[PDB]
Amino acid sequence: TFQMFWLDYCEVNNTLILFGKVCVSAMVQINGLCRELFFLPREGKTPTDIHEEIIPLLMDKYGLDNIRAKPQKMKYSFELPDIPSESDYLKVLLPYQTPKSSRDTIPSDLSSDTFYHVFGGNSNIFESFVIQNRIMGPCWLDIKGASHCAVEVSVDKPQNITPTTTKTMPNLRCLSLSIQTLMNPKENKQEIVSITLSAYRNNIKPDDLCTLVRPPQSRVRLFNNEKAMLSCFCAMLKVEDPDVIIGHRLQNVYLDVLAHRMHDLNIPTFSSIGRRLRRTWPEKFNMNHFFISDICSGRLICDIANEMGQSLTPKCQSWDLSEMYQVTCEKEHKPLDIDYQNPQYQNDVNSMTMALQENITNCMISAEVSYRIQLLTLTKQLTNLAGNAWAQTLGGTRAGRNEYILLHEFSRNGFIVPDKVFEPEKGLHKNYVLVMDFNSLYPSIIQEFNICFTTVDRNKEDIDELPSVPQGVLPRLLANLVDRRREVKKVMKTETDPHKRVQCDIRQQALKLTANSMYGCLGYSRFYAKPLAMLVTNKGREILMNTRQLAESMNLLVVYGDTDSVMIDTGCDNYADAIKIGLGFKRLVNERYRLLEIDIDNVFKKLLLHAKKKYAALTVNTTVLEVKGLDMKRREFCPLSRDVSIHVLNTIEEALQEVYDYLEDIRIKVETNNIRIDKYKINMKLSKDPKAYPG
Amino acid sequence: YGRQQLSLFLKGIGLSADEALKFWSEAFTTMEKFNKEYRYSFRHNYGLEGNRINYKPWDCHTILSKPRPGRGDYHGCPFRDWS
DNA sequence: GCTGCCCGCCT
RNA sequence: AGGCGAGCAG
Ligand code: SF4
């Protein structure tokens with residue numbers, strides 16, 4: 001037997017390779033995987049007829065010696081019209097690896113005298129492997145019977161790998177990255193000058209601390225230039241062979257720049273940034289994001305300022321390194337502005353030393369923030385709930401965990417899957433403003449009204465047609481998740497140790513995220529169904545209108561509203577009184593809808609609302625400033641403009657006179673030209689070529 | 001097109017900006033939609049907005065260079081656009 | 001990432 | 001007639 005905790009996967013040469021660790025890293029190449037093709041017989045036809053007709057044709061086309069085909073009975077209740085609910089299908093296991101034309105698919109519309117519909121024609125090898133083997137996220141695999149690992153094995157058939165019940169998960173090889181960048185005004189390419197590498201192999205103290213550096217103008221390792229630096233990086237990265245790579249904004253800036261500088265120098269060992277070995281770059285190097293995501297498959301992208309990471313620190317506003325450290329760790333770090341174009345870095349040793357010190361500080365801070373906010377554990381729970389890629393879970397997808405959960409749950413129940421508002425009160429409110437989140441609005445609607453694919457009779461020909469309300473599959477899954485969350489709350493009531501309390505906090509937040517990402521399945525998506533989405537939207541409209549009436553009855557004025565959150569004005573200037581009123585409103589709403597559990601999300605001592613999603617406020621946590629949607633968030637406005645805006649907001653008759661005084665002396669500064677120029681910078685993207693604009 | 005032709009003509013003959021607002025607002029026998037949509041355009045016409053360009057009136061050449069009038073249009077040179 | 005349409009705003 | 005912001009369907 002072979003025991004291996006898998007972490008990632010990739011697709012090459014019609015083969016599926018799982019990247020995992022055996023604790024040292026290991027490989028398993030999975031050959032013999034078969035797309036599960038399901039053919040729906042005509043009215044009065046049997047899977048034996050489909051077998052007799054298509055199977056010899058499939059042998060002729062694909063040149064096999066034998067094809068496994070059996071009749072199996074399965075359901076269908078999705079949006080494809082005139083497909084009967086229950087019938088007898090013919091399961092043909094067509095392997096991904098075929099002697100001839102392995103890149104040609106069978107269209108879903110193959111109409112024959114035996115069958116008229118085809119399913120699984122474009123199934124994904126990783127998706128099919130995970131669905132058939134029912135693998136719900138990264139866990140143990142029981143394996144029985146080309147890479148940068150020390151252990152490399154393979155299995156001839158997919159059934160040789162069976163998931164294990166064990167809940168433990170061994171030590172990971174972590175690696176934080178923070179890279180100083182240089183811009184060369186000749187080619188406008190971001191050249192790497194120094195890298196700090198820190199490995200947490202198993203305020204935690206790193207096992208090792210390494211810093212490479214190249215001269216920008218003319219342990220710590222010194223190099224003559226960039227190329228030897230980066231080759232040594234690749235070699236020591238293979239030696240380290242980390243399970244997870246950590247950093248700040250690695251997803252769309254830093255790893256992109258690293259890969260581009262990897263190509264520009266033409267290094268051969270650039271495949272050590274992932275775990276899969278390669279000799280040459282993909283031929284065609286939006287698509288670049290996908291290509292580095294593919295090559296790095298095997299090493300785990302842990303971005304802490306990415307979408308998933310930033311979703312865990314809403315108290316951040318720019319999500320910068322010092323700010324995130326300050327908010328998550330309550331520790332002060334002053335960011336040092338290091339620009340290597342300055343001539344002092346070519347001859348002054350002390351400046352280069354301070355730059356390296358700041359780089360090492362940045363790397364330690366990134367790692368500490370990563371471990372503090374517990375991104376890894378939360379994403380692990382999300383993936384084990386969804387059964388998708390945990391690489392995808394960190395990557396920051398929307399249709400990633402809204403599809404594989406439905407795939408797993410419906411395939412475990414023998415279901416054929418289809419192939420792949422109130423106007424705002426604009427102005428300043430003196431009283432406290434409470435943020436209340438209705439993220440559990442639609443899922444409660446689904447579970448309460450039993451809306452699903454198998455319960456709501458909807459005219460499939462006319463998707464614009466609204467059906468009528470009818471236990472469903474989706475409501476049962478949602479109710480099970482909610483009951484798991486209830487058990488989590490009950491154990492929180494009793495638990496003593498902070499550690500397990502925090503773990504259960506992660507667990508409850510994971511269930512809340514999974515349950516509240518369930519509308520992305522049919523609203524936005526491989527499971528889109530307009531009648532259901534529009535129905536639930538209507539019912540949520542009804543619930544929101546009732547909530548408005550209740551708020552008006554409790555002497556409250558709603559300032560702004562949507563299906564995602566409801567803003568309320570308490571009418572008191574006390575934090576305690578506002579909290580009490582918000583709790584009362586939550587209780588009354590939960591009384592009017594027993595499955596709609598709402599809560600207090602954020603508190604605003606002072607709120608200046610400008611539009612639907614454009615506002616600024618004094619968040620109480622201590623009061624902290626917040627802004628969403630004002631001009632001080634766009635690129636086209638200089639840091640001086642943002643500073644003027646932040647001070648104006650902080651000030652807001654004495655406040656207005658102070659605003660006038662500040663405007664006068666900043667004008668006197670500007671006309672005299674007594675303000676540093678970099679405060680006047682304006683940035684703006686072009687999605688097109690510079691020559692290619694009418695205006 | 002008719003609005004622009006007529007506005008720049010009436011500027012060229014010498015109508016004041018305030019009397020221009022007065023007349024244009026009068027001819028539309030709401031004020032809300034006016035202040036919402038037409039006031040800014042009329043003030044832009046007199047160069048009293050934007051880059052501060054007091055746009056010189058269209059001539060018969062430029063007016064003819066405008067796309068041909070249709071139903072609901074009255075701009076152009078009627079020695080052309082009429083029968 | 002690309003197109004059509006609806007509204008809001010500026011030149 | 002054009003650009004900035006969203007929402008929709010492909
Ligand atoms: S030719 Fe036509 S457009 Fe030109 S001045 Fe005479 S009437 Fe006006």
# chains A, B, ... in the order shown; residues from 1 in each chain; ligands from 1
call {"tool": "residues_near_ligand", "arguments": {"ligand": "ligand 1", "cutoff": "6 Å", "atoms": "only C-alpha atoms (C1' of nucleotides) and all ligand atoms", "output": "VMD selection string"}}
result
chain B and resid 60 76 to 79
call {"tool": "residues_around", "arguments": {"residues": "segment 171-181 of chain A", "least_positions_apart": "6", "cutoff": "8 Å", "atoms": "only C-alpha atoms (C1' of nucleotides)", "output": "short mmCIF file (atom, residue, chain, number, x, y, z; two decimals) with N, CA and C atoms, in the first residue's frame"}}
result
data_model
loop_
_atom_site.label_atom_id
_atom_site.label_comp_id
_atom_site.auth_asym_id
_atom_site.auth_seq_id
_atom_site.Cartn_x
_atom_site.Cartn_y
_atom_site.Cartn_z
N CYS A 23 7.70 13.28 6.61
CA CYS A 23 6.83 13.46 5.45
C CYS A 23 7.58 14.18 4.34
N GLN A 190 10.00 44.78 -14.80
CA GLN A 190 10.22 44.85 -13.36
C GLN A 190 11.32 43.86 -12.98
N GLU A 191 12.54 44.36 -12.80
CA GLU A 191 13.70 43.53 -12.56
C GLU A 191 13.92 43.31 -11.06
N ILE A 192 14.21 42.06 -10.72
CA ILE A 192 14.33 41.63 -9.33
C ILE A 192 15.74 41.93 -8.84
N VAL A 193 15.83 42.54 -7.66
CA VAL A 193 17.10 42.96 -7.09
C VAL A 193 17.47 42.15 -5.85
N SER A 194 16.48 41.81 -5.02
CA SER A 194 16.75 41.06 -3.80
C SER A 194 15.50 40.28 -3.41
N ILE A 195 15.73 39.08 -2.87
CA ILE A 195 14.66 38.19 -2.44
C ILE A 195 14.99 37.72 -1.03
N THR A 196 13.98 37.67 -0.17
CA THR A 196 14.10 37.09 1.16
C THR A 196 13.32 35.78 1.21
N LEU A 197 14.00 34.71 1.60
CA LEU A 197 13.42 33.37 1.62
C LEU A 197 13.45 32.83 3.04
N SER A 198 12.28 32.46 3.55
CA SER A 198 12.12 31.99 4.92
C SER A 198 11.26 30.73 4.91
N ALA A 199 11.78 29.65 5.48
CA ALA A 199 11.10 28.36 5.46
C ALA A 199 10.65 27.97 6.87
N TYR A 200 9.35 27.74 7.01
CA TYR A 200 8.74 27.22 8.24
C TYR A 200 8.42 25.75 7.95
N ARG A 201 9.42 24.89 8.14
CA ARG A 201 9.41 23.53 7.61
C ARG A 201 8.35 22.62 8.22
N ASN A 202 7.84 22.93 9.41
CA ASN A 202 7.00 21.98 10.14
C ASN A 202 5.76 22.66 10.70
N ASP A 241 12.11 22.63 -1.54
CA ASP A 241 10.92 21.93 -1.99
C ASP A 241 9.71 22.19 -1.08
N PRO A 242 9.30 23.45 -0.94
CA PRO A 242 8.24 23.76 0.03
C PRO A 242 6.88 23.24 -0.43
N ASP A 243 6.06 22.86 0.56
CA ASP A 243 4.69 22.47 0.28
C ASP A 243 3.79 23.65 -0.05
N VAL A 244 3.98 24.78 0.63
CA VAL A 244 3.19 25.99 0.43
C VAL A 244 4.13 27.17 0.32
N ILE A 245 3.94 28.01 -0.69
CA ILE A 245 4.69 29.25 -0.84
C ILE A 245 3.78 30.38 -0.37
N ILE A 246 4.33 31.29 0.43
CA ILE A 246 3.56 32.35 1.07
C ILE A 246 4.08 33.70 0.60
N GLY A 247 3.20 34.69 0.56
CA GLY A 247 3.64 36.03 0.24
C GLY A 247 2.50 37.02 0.27
N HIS A 248 2.84 38.26 -0.10
CA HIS A 248 1.90 39.38 -0.14
C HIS A 248 1.73 39.79 -1.59
N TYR A 254 3.70 39.83 -7.88
CA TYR A 254 5.06 39.40 -7.57
C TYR A 254 5.45 38.10 -8.27
N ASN A 359 13.54 44.19 3.50
CA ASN A 359 13.03 43.04 2.76
C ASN A 359 12.81 41.84 3.67
N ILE A 360 13.76 41.58 4.57
CA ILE A 360 13.62 40.47 5.51
C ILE A 360 12.46 40.74 6.47
N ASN A 362 9.82 42.51 5.74
CA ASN A 362 8.62 42.29 4.94
C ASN A 362 8.28 40.82 4.84
N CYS A 363 9.29 39.97 4.62
CA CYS A 363 9.04 38.54 4.49
C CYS A 363 8.56 37.94 5.81
N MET A 364 9.23 38.28 6.93
CA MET A 364 8.75 37.81 8.23
C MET A 364 7.33 38.27 8.52
N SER A 366 4.97 39.09 6.34
CA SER A 366 4.05 38.35 5.49
C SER A 366 3.77 36.96 6.07
N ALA A 367 4.82 36.26 6.50
CA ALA A 367 4.63 34.92 7.05
C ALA A 367 3.81 34.96 8.34
#
call {"tool": "closest_atom_pairs", "arguments": {"of": "chain B", "to": "chain C", "cutoff": "10 Å", "atoms": "only C-alpha atoms (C1' of nucleotides)", "output": "tab-separated table"}}
result
residue	atom	partner	partner_atom	distance
B:37	CA	C:9	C1'	9.9
B:40	CA	C:10	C1'	9.4
B:41	CA	C:11	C1'	9.9
B:44	CA	C:11	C1'	8.9
B:49	CA	C:11	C1'	9.2
B:50	CA	C:11	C1'	6.7
B:51	CA	C:11	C1'	8.4
call {"tool": "closest_atom_pairs", "arguments": {"of": "chain A", "to": "chain C", "cutoff": "10 Å", "atoms": "only C-alpha atoms (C1' of nucleotides)", "output": "Markdown table"}}
result
| residue | atom | partner | partner_atom | distance |
| --- | --- | --- | --- | --- |
| A:286 | CA | C:1 | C1' | 6.6 |
| A:287 | CA | C:1 | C1' | 9.1 |
| A:687 | CA | C:1 | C1' | 9.4 |
call {"tool": "atom_distance", "arguments": {"atom1": "atom CA of residue 464 of chain A", "atom2": "atom CA of residue 111 of chain A"}}
result
27.5 Å
